[PDB]
């Protein structure tokens, strides 16, 4: 009869396949391919630091099964 919309906000953990030498920028692109989030809205955080696009995961000693935090720009 009638349609309503429900906007949901959940805690979600995504898994990515990466190389220690991938840049933060390449990681944001992989997040886009999986979530449809453009890279310019993505803020990636590890151990309290904002991750810089032009650096690699190894630059931040992001190892296997490390967990990044993704926060979106408003």
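Positions refer to the first chain, counted from 1.
- Annotation for residue 26: C-alpha temperature factor in the highest third relative to the rest of the modelled chain, per the entry.
- For residue 10, the recorded CA B-factor ranks within the middle third of the chain. Only modelled residues enter the ranking.
- Sort the chain's modelled residues by C-alpha temperature factor and residue 16 lands in the middle third, per the entry.
- When the modelled residues of the chain are ordered by their C-alpha B factor, residue 2 lands in the highest third.
- For residue 56, the recorded CA B-factor ranks within the lowest third of the chain. Only modelled residues enter the ranking.
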